[PDB]
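The sequence shown runs 31 to 428, 431 to 801 under the entry's author numbering.
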Amino acid sequence: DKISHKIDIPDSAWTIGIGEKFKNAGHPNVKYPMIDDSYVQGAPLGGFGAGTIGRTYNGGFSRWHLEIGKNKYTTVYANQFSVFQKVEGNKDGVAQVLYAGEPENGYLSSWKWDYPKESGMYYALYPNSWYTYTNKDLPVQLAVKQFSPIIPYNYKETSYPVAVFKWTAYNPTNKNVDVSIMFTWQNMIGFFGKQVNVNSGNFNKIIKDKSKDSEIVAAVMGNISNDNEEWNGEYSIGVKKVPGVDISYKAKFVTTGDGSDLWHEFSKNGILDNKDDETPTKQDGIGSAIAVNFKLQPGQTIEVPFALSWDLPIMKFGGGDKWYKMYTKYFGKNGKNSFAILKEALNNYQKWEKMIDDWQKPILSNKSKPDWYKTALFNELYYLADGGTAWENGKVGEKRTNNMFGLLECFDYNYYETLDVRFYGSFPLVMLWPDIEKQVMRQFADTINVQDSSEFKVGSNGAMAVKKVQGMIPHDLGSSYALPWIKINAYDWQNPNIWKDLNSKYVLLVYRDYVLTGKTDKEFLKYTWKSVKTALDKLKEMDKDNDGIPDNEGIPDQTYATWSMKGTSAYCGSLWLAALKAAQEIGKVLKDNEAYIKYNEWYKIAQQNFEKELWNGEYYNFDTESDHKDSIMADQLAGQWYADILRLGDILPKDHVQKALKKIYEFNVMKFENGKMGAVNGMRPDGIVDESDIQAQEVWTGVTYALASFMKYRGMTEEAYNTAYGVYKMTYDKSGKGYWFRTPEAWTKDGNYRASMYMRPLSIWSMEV
Ligand SMILES: OC[C@H]1O[C@@H](O[C@@H]2[C@@H](O)[C@H](O)O[C@H](CO)[C@H]2O)[C@H](O)[C@@H](O)[C@@H]1O
Ligand SMILES: [Ca+2]
């Protein structure tokens, strides 16, 4: 490996061999159907709201999230980088597709498939990933750095449906070597959104742009139709000329054929025919090819950038709503702008690299923190772009002030912005993209007083219930199968209108967003104040025994639905105490003196009764009235965790918080599979896992990373990182269960999972507060 020294891969990058097999991969632990796309995954490409493309460590473009809110795992075999190499003076060279695999059927059979094992590595530190190619039969060694410009405090480039592929080639041998690199791409218009004649009208054309300082050559793959539908638009691939390379191209080859129309050209001398056949197709899949060829002298290095753009301006949801994607603000809405996006990328990618380096550097250069933590911290961010992210720039047919946003809970549980989950999972947004975070929270503020009196069938039991109650925060803001932002509370397995934790978490989130953006945004507090008071006032009504705290009802009425709570619980109780103190503070800031007095009085009463009812001398009991009431809950002090972040001080005694945390570490962590798998949710004081419900026996990834941050705030540094380590190990390490770039909600003791590709573990960013 002589190429690794020529490029700059951080030591914290997650790593795996190209073509490596993995023996210990987990699978779903539930009986109902659930996504399992295997461990062949990689860092996604594409901005927020653009639709994402998952290119795997084997090199294939395989995890497609271009249809917003859907996960489609299939390798489009025509989408590849390929290499040609011939030592100067030799009769023949070699051509090889850079993909550790081959097609299932007979299409593209003439191409050289099956990139061999132990001949390269994949690296990932999101938003960057890398492939190196160190192959006995390729004298020139190659590496590519691939990324999308995902940049904190940047709401423009971060939206772009674009990827850059910066290739570096180096000749360690004592002879001249001719090298070509070819990017192939299928015209994917009609890949989704067309019921019949999926390729019909598709056509490809070559664009050349030569404006003195920059020569760019591109293929634009679109359709003859000018219909404004979610299926229509353009894909583009291209390259920028550098000194000492030449560009060749082929606008049209057939993806539904043996591939020899392209390969007989490329495998001969690495130079394509330069034909621009713009003729539309009927039934055949078609594609485009862009190649660069150059001669490398001994010890010479060269750098050449390729790019990929996709202008698919319209997203459609199952209920019929069509919206424009965010990036259309900067490039237009007519779906004929793929080249413009590509060009911007090819002329600005160096600036984007240094912008990405600037926001990774403070963490990467802090040598007090171990590399494994940085691996998780950065790579967990995959989910912001990959989580079916919806970011609208107008409804199709309708200007606008605000641009609504939605990130999914996950793909299995297809709900936008599930509030109880985002309580943990929204840390990256508040810390790095706060305007998005504030917009999401204003969306929630606007739903508080919505009333929908029509009834729905509750799934868990069968009972009927009202859809949306006035003054109760919704579970979610809809589903991609229905109408995001318009039809809220898509979740129906329980009744969220009786939950005792959503209203509190809502309040805590509002105050969080004020505090972590510098305590300067009074206007955000004013926008949300009515909703905050309403939310706490309705929750106070659920105090049935008059201890000042809402009663859990021994039925599904919080996040841990099936692991029931009854009476005063540590979880809902602590969240309530923290929320009341939060509302106190907003009262002071806004000079709402009566609110302050009221929430102060409610707080003191509730605080005293919480302590008296739940403190047992070592920890806080799970609740007052359950069968499993003395179980040790990992999340028992969620309220105090948020209070630390919100700088609200001690809601419970320091000494008692410390003991409770030491108990959780000693029990839920250390006595669960030797602390190598995170914190199991519930442990009985005899040191045996609480078996009363499946959720109690689960490790929740995001709860565990949140728990770790809480320990870190309280000076338990060793305990924090040891707790987090088990989650890192399970996700990323060769000894874990192969969940890289699909971190699940949960696992049980056997390492098998529930709900891959989950929002909650983004809570790791709470460790950076
Ligand atoms: O894992 C906790 C989260 O669970 C989600 O609830 C449901 C599943 O637990 C259940 O098995 O199936 C339905 C199918 O739609 C899921 O919604 C909730 O959405 C989350 O609020 C909860 O935190
Ligand atoms: Ca009560």
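C-beta: ideal position from N, C-alpha, C; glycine also.
Which residues mark the beginning and the end of the beta strand (DSSP E) in which residue i is found?
i, result
"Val-564", "Here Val-564 belongs to no beta strand (DSSP E); instead the alpha helix (DSSP H) covers 554 to 572."
"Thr-749", "Careful: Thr-749 lies outside any beta strand (DSSP E), inside the alpha helix (DSSP H) at 749 to 764."
"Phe-773", "Note, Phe-773: premise wrong, no beta strand (DSSP E); not H, not E."
"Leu-440", "It is not in any beta strand (DSSP E) - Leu-440 carries neither H nor E in the DSSP assignment."
"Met-345", "344 to 346"
"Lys-224", "Neither: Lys-224 is in no beta strand (DSSP E) and is coded neither H nor E."
"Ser-339", "331 to 341"
"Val-250", "245 to 253"
"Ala-199", "192 to 200"
Could you please give the first and the last residue of the uninterrupted alpha helix (DSSP H) stretch that includes residue i?
i, result
"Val-621", "602 to 622"
"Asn-299", "290 to 299"
"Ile-629", "625 to 646"
"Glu-469", "466 to 479"
"residue 429", "Along the chain, the last residue before the gap is 428 and the first after it is 431, so residue 429 carries no coordinates."
"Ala-319", "Not the alpha helix (DSSP H): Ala-319 falls in the beta strand (DSSP E), residues 316 to 326."
"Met-789", "Per DSSP, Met-789 belongs to no alpha helix (DSSP H) and is neither H nor E."
"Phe-455", "451 to 457"
"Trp-261", "It is not in any alpha helix (DSSP H) - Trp-261 carries neither H nor E in the DSSP assignment."
"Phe-742", "733 to 745"
"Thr-405", "401 to 409"
Considering only C-alpha positions, which residue in the set the options is nearest to residue i?
i, options, result
"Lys-562", "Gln-616, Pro-588, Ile-480", "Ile-480"
"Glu-555", "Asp-467, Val-250, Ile-581", "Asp-467"
"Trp-421", "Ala-752, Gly-619, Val-490, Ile-98", "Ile-98"
"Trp-261", "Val-272, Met-218, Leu-292", "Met-218"
"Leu-540", "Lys-519, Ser-241, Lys-489, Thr-560", "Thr-560"
"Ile-637", "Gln-668, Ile-581, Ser-596, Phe-177", "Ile-581"
"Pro-58", "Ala-778, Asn-364, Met-463", "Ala-778"
"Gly-418", "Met-791, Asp-243, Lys-186, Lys-32", "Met-791"
"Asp-624", "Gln-639, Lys-558, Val-689, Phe-369", "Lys-558"
"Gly-287", "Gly-315, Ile-301, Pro-310", "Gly-315"
"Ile-629", "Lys-121, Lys-613, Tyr-543", "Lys-613"
"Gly-747", "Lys-397, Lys-694, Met-702, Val-247", "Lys-694"
"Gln-502", "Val-490, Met-436, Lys-570, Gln-390", "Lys-570"
"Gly-76", "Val-60, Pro-191, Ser-159, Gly-49", "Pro-191"
"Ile-246", "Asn-253, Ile-254, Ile-237, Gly-252", "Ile-237"
"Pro-717", "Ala-692, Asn-706, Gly-734, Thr-736", "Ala-692"
"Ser-798", "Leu-548, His-660, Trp-160", "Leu-548"
"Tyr-354", "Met-436, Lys-399, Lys-397", "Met-436"
"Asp-38", "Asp-583, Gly-350, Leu-407, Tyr-153", "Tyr-153"
Below 6 Å CB to CB, which residues in the same chain sit around residue i once its five sequence neighbours on both sides are set aside?
i, result
"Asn-204", "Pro-328"
"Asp-401", "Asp-41, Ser-42"
"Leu-96", "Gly-81"
"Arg-93", "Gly-84, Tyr-103"
"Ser-536", "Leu-607, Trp-608, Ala-611"
"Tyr-129", "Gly-89, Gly-90, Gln-110, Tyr-145"
"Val-801", "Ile-677"
"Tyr-592", "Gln-727"
"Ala-738", "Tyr-456, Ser-795, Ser-798"
Using a Cβ-Cβ cut-off of 8 Å (strictly less than) and excluding sequence neighbours within five positions of residue i, which residues of its own chain qualify?
i, result
"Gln-729", "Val-712, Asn-713, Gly-714, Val-721, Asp-722, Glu-723, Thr-780, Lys-781"
"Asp-303", "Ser-278, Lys-280, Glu-295"
"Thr-405", "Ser-42, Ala-43, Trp-44, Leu-155, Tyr-760, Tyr-764"
"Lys-399", "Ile-393"
Please work out which residues of its chain come closer than 7 Å, Cβ to Cβ, to residue i, disregarding the five sequence neighbours upstream and downstream, and give them in chain order.
i, result
"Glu-410", "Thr-775, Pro-793, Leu-794, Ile-796"
"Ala-477", "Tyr-559, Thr-560, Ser-563"
According to the neighbour-count rule (16 or more other Cβ atoms, all chains shown, within 10 Å of its Cβ), is residue i buried or exposed?
i, result
"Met-496", "exposed"
"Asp-416", "buried"
"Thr-188", "buried"
"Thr-358", "buried"
"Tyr-62", "exposed"
"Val-472", "buried"
"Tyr-183", "exposed"
"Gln-380", "exposed"
"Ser-149", "buried"
"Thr-594", "exposed"
| message | Please give me, in chain order, every unbroken run of the beta strand (DSSP E) with length at least 3 that falls completely inside the region 69 to 116. | response | 82 to 85, 91 to 95
| Which runs of the alpha helix (DSSP H), 4 residues or longer, sit entirely within the region 352 to 390? | The qualifying runs are 358 to 361.
| task | Ignoring anything shorter than 4 residues or poking outside the region 680 to 711, list the alpha helix (DSSP H) runs there in chain order. | result | For the region 680 to 711, whole alpha helix (DSSP H) runs of length 4 or above, ordered along the chain, are 686 to 696.
| Contained beta strand (DSSP E) runs [length at least 3] in the region 109 to 167, N- to C-terminal order | At a cut-off of 3 residues, the continuous stretches assigned as beta strand (DSSP E) that sit fully inside the region 109 to 167 are 110 to 117, 124 to 127, 150 to 155, 158 to 163.
| task | Counting only runs of 4+ residues fully inside the region 508 to 561, write out the alpha helix (DSSP H) ranges in chain order. | result | 534 to 547
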